[PDB]
Structures are given as C-alpha cells and as structure tokens.
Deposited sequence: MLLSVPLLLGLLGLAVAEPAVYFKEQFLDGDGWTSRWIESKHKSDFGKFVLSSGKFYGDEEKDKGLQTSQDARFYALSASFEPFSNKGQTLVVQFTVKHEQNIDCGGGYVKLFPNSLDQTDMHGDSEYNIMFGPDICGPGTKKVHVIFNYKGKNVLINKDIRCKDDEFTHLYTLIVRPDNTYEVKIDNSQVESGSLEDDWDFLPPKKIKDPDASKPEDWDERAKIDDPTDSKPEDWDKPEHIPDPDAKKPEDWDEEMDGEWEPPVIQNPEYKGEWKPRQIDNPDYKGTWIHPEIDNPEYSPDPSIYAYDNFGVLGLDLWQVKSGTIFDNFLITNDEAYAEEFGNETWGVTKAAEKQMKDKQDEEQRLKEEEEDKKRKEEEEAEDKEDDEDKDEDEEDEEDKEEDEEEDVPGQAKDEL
C-alpha cells in the first residue's frame, strides 16, 4: 500500500505559511514567494515555490511524518520550472531527520540524502545526488544530464532494499543501477583483506524533514508538485496526473507567448527603421 510520507501541490494557496520553516541562520537569506510563473499550464496546479532575490543563499524546509525505509522502497518526486534560465544556481532537494532545527539550517547542515538538477556554469550540467553513509557523504560515479530550458519539468528518485536505484525525469526513466556499484561506499574488492559487504547501504535510521537550501545568482525559478512515498506506481501515477495534464497547456501557452514576442519584435524592427 502506498504510504504518503510527504506530498504537496499548494492547492490551498496558503498552506506554505504553516508547512515550511525558513532558516534564520543568516540575516541576508533570500525569501521565497508562491507564484505560477510567467507561463504556465494551470493557474493553481502550477503555483509553486519561487525564488525572488538575486545572488542569495536560500534555506527553506518543511517537516513530514517520520518514517524509515529499512526493508521498504523509497521514492522522492518534485517538479521545477526555470523561469529565468539560470547560468548558476541550485535546483535540488535535501531530506533530513527530525534532529534538524529548521530555524538554523544552512548549506552545511547534515542531510540524509540529496537529489536534484544542479546548474552552475555551462561547463557542468549534471544532475546532483549525494547519499550520507556512516559519516560519509558520497556522490555518484556515473553521470546524468539535466534539462535545459525554462519549461516545467519533473524529477523523481527511487531506491530499493536490493541496493538498487533508478532515476525518473518527466515520468521517464533516465538511469538505473546498484548502489555499491555506483557509489564509493566500500573499498574495492580487488581478494582484498579489508573488504566485507554491507546490506544497510540503501537505508537510514529515520527521516523527518524535507529541505531546500541552495545558492542562486539569477532568481525566478519555481518548484512544485512534491511527493515522498514508498510506492513506485503511486509516484508514477501522481507524476502523470500532476505533470502530463499541464505539459500540453503550458507548451501551447508559452508557445503563443513566444509567437507574441516574435510579432512584437518584428513589428518594432519594422517601425524603428
């Protein structure tokens, strides 16, 4: 059965004011706003969490019901629209245990897991994932390319008790593999005398907080349609219902906005000369 560990679409318009706790670790943190963006497919189903200040560190997080994935599949999902097409900025999520005092968190706070696209500089455009393990923060070996444009896109992560994972983008698989084969948790086998397997790689003791702490140069991007659950099929159907319904409407509407821009620009060029 699908356990809804966390879920949000801001359908109430104001539930953010109660569910999220901003950090007061530093006084100059950027402040989020809730908006549907310059172009959207739905007026309310796309009104997500938006960055608004340029060249700022951001720190926002929301708590959820405690749970442990020991002996259970783990799923995380969210959607992002890059309204400003950042040249540098974070677009990822962090999950924390209940020990995190959300009033004081920052980029150096200890998370259980990290997931999301990371776009700073045109030289690196790869999705960023980091799993904590026995005091180590470990990052992936293989690479996954992130999406480019301002359009609203969906991201999803999945982890299984068989020490395997898979990555879902726009309700489509992009990567899959095994944890100890793709992360440097354990020393290499070659028989090396120090080697011994550990099945507990995929699991953590507890989780109780979902966090969005990051740096951006260009503000404007919006985050929406989050979900944390155990069921892969529940996440797939939620992603369909939350992103496929808007994909076509937003496509058409930003296409018509681009066409309006092209008319205005060409008629301005005609009038100016």
Checklist entry - What gaps appear when the modelled C-alpha atoms are mapped onto the deposited sequence? => result 1 to 17, 208 to 294, 378 to 417
